[PDB]
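K.L.:
Dropping a structure here in structure tokens format, bear with me for questions.
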Amino acid sequence: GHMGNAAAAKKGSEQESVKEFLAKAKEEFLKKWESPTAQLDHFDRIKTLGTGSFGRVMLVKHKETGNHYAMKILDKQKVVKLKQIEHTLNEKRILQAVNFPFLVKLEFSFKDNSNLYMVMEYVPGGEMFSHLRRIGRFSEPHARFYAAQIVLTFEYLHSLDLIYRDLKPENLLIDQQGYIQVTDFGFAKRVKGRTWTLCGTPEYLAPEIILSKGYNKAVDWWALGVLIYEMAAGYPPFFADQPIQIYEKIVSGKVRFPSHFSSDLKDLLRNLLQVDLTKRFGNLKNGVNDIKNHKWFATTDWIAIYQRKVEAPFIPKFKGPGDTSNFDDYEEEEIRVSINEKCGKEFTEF
Amino acid sequence: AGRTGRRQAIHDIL
Ligand SMILES: CNS(=O)(=O)c1cccc2cnccc12
């Protein structure tokens, strides 16, 4: 067969140890899920790091300790108008309960008359998006290093019956050691089987979302295919100026590859960017192992990636704990807090 | 031709 005796036994034992790890991780998650912390004037607001639909993320400095954090600010009225109440509750509840080396850590959460706040660890290396647009494309080994971290992160999340639903370079930060931090749990959800909400980012949507199916966690494996393609090409596989044209390309499923892609990479991508759910990697009997054991990942030491012992391909320049040089500038808007409580009943659980 | 800037999430498809 492909593996000799020693290699097959080593791989089998490794896979059983993953199962043992995941069983413990589920116990820990459920304890936090069942039995889960600051206020605004505890922080100085420094600078906007990024924006989004419901609000913005700001660099803040904690007054007492002097530690820096990234504070996501959501306007309650805007969340209600966009029917994102349950999504925002999901985001905070899930972030509070997970624990994995490549998932951003939530340190505090609170609300006031106008806004919801989530205070997370500040990741100063900037968005993968910026680095990718600046360099053009990542070489295959560089893309593979990041991809491996996503594979492990999705193996963890899916084992907990969590679906992520917004993978893209904009949501992946580079930490001081060159490893990835996944941010933005706005569409994350506990899903045992099917779910139905039409949400995500156009270029990354699986066909079954666009086609209004009751879809499953395999949408995240499709999105991994999009990410790997974009990292290695510099642009995503279904690329057009307007969402409607993007969707038409996705549903056709036709993918063309740059001539510099290796055959191993093309084979992996055809198996992730697979319309037919009975054939998509990550959705078969062998589960995540079809991905982890694929030839494109043959050089990947999965345990060493988890342990953060692989030398990263790129280390951001670090210029102090509150430095923001790896982020773009955004228009600043003062944080207005009404004297009247808004949407109290909708957000009681936050 | 396609989108090179930051891409916003969508909450529905009309
Ligand atoms: C995606 N970039 S961002 O929206 O500015 C952001 C969101 C969530 C956590 C963060 C942590 N450190 C830096 C930026 C962070």
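Same order as they appear, the protein sequences are chains A and B. So in the working numbering, spot 183 of the first sequence is number 174, and the numbers just go up one at a time. So in the working numbering, spot 9 of the second sequence is number 83, and the numbers just go up one at a time. Quick reminder that beta carbons are idealized off the backbone N, C-alpha and C, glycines included.
#1: Measuring from each Cβ to the nearest heavy atom of ligand 1, keep the ones under 5 Å and list them in chain order.
#2: Within its chain, find whatever has a CB closer than 7 Å to the CB of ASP152/A; leave out the 5 residues flanking it on each side and keep chain order.
#3: Here's the rule I'm using: 16 or more other beta-carbon atoms within 10 Å means buried, otherwise exposed. How should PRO132/A be labelled?
#4: Taking Cβ positions, are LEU163/A and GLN172/A nearer each other than 9 Å?
#5: Under DSSP, the beta strand (DSSP E) around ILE76/A begins and ends at which residues?
#6: Please confirm whether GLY273/A and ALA209/A have their CB atoms less than 9 Å apart.
#7: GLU161/A versus chain B: which residues are under 8 Å apart at the beta carbon?
#8: Are the region 33 to 40 of chain A and the region 53 to 71 of chain A in contact at 8 Å, needing three or more beta carbon pairs?
#9: Note the first and the last residue of the continuous alpha helix (DSSP H) segment covering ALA223/A.
#10: Note down, in chain order, all residues in the region 69 to 80 of chain A with a beta-carbon under 9 Å from any beta-carbon belonging to chain B.
#11: Tell me, please, whether the region 191 to 209 of chain A touches the region 230 to 244 of chain A by the rule of three or more beta-carbon pairs shorter than 8 Å.
#12: For chain B, check one thing: does any of its Cβ atoms lie closer than 9 Å to the Cβ of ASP166/A?
#13: Pop quiz: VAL279/A and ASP292/A are said to be a contact at Cβ under 8 Å. What is the actual Cβ separation, rounded to whole angstroms?
#14: Looking at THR39/A: is its Cβ nearer than 9 Å to the Cβ of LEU21/A?
#15: Which residues does DSSP pair with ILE296/A in a beta bridge?
#16: Using a Cβ-Cβ distance under 9 Å, would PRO234/A count as near chain B?
#17: Using a Cβ-Cβ distance under 9 Å, would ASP320/A count as near chain B?
#18: As a quick exercise: from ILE241/A, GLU77/A, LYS204/A and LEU202/A, pick the residue whose alpha carbon is nearest that of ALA214/A.
#19: Looking at the C-beta of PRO249/A, does it have a partner C-beta in chain B at a distance below 9 Å?
#20: List the endpoints of the continuous alpha helix (DSSP H) containing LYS1/A.
#21: Determine the DSSP secondary structure at residue 390/A, reduced to helix, strand or coil.
#22: Relative to the C-alpha of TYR220/A, which residue among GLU324/A, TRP287/A and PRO307/A is closest?
#23: Is the CB-CB distance between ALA88/A and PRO160/A below 9 Å?
#24: Determine, using beta carbons only, whether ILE154/A and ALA138/A come nearer to each other than 9 Å.
#25: Does chain B have any CB closer than 9 Å to the CB of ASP211/A?
#26: Hey, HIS85/B and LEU73/A are a contact pair by Cβ (cut 8 Å); roughly how many whole angstroms apart?
P.N.:
In short:
#1: Summarising the contact set, residues whose Cβ lies nearer than 5 Å to any heavy atom of ligand 1 are, in chain order, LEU40/A, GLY41/A, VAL48/A, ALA61/A, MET111/A, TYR113/A, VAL114/A and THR174/A.
#2: By one-based count along the first sequence, residue 152/A stands at place 161. So the qualifying residues of the chain are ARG181, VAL182 and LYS183.
#3: For the purposes of this step, residue 132/A is taken as residue 141 along the first sequence, with counting starting at 1. With fewer than 16 Cβ atoms within 10 Å of its Cβ, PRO132/A is classed as exposed.
#4: For this step, residue 163/A is matched to residue 172 along the first sequence. For this step, residue 172/A is matched to residue 181 along the first sequence. Yes, Cβ-Cβ distance for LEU163/A and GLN172/A is below 9 Å.
#5: Position 85 of the first sequence holds residue 76/A. First-last for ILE76/A: 76 to 88, but that is the alpha helix (DSSP H), not the beta strand (DSSP E).
#6: Locating residue 273/A in the first sequence gives position 282, counting from the first residue. Locating residue 209/A in the first sequence gives position 218, counting from the first residue. Yes, they are a contact pair.
#7: If you number the first sequence from 1, residue 161/A lands on position 170. Taking a Cβ-Cβ threshold of 8 Å, the residues of chain B close to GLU161/A are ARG80 and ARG81, in chain order.
#8: Touching, yes, given that three or more Cβ pairs across the two stretches are closer than 8 Å.
#9: Residue numbering aside, residue 223/A sits at position 232 when the first sequence is read from its first letter. Note, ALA223/A: alpha helix (DSSP H), 209 to 224.
#10: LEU73, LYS74, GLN75 and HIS78
#11: A contact exists between the region 191 to 209 of chain A and the region 230 to 244 of chain A.
#12: Residue 166/A sits at position 175 when you count from the first residue of the first sequence. False, the Cβ-Cβ gap to chain B never drops below 9 Å.
#13: Residue numbering aside, residue 279/A sits at position 288 when the first sequence is read from its first letter. Residue numbering aside, residue 292/A sits at position 301 when the first sequence is read from its first letter. Not confirmed; about 16 Å, so no contact.
#14: Along the first sequence, one-based indexing puts residue 39/A at 48. Along the first sequence, one-based indexing puts residue 21/A at 30. No, Cβ-Cβ distance for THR39/A and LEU21/A is not below 9 Å.
#15: As a first step, residue 296/A is located in the first sequence; it is residue number 305 there, counting from the start. Paired residue(s): none; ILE296/A is not in a bridge.
#16: Here residue 234/A is taken as the residue at index 243 of the first sequence, counted from 1. Yes, contact with chain B.
#17: Looking up residue 320/A in the first sequence gives position 329. No, no contact with chain B.
#18: As a working note, residue 214/A is residue 223 in the first sequence. Answer by Cα proximity: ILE241/A.
#19: Your numbering for residue 249/A matches position 258 in the first sequence. No - not a single Cβ of chain B is within 9 Å of the one on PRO249/A.
#20: Sequence index remark: in the first sequence, residue 1/A carries index 10 (1-based). Run containing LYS1/A: -4 to 25, per the alpha helix (DSSP H) assignment.
#21: There is no way to answer for residue 390/A, as the model of chain A reaches only from -8 to 341.
#22: Locating residue 220/A in the first sequence gives position 229, where the first residue counts as 1. Per the Cα distances, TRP287/A.
#23: For the purposes of this step, residue 88/A is identified with residue 97 of the first sequence, where counting begins at 1. For the purposes of this step, residue 160/A is identified with residue 169 of the first sequence, where counting begins at 1. Cβ atoms of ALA88/A and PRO160/A: not closer than 9 Å.
#24: Translated into the one-based positions of the first sequence, residue 154/A becomes position 163. Translated into the one-based positions of the first sequence, residue 138/A becomes position 147. No, Cβ-Cβ distance for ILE154/A and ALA138/A is not below 9 Å.
#25: Within the first sequence, residue 211/A is the residue found at index 220, counting from 1. No - not a single Cβ of chain B is within 9 Å of the one on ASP211/A.
#26: As a position in the second sequence, residue 85/B is number 11, starting the count at 1. As a position in the first sequence, residue 73/A is number 82, starting the count at 1. That pair is a contact at about 6 Å.
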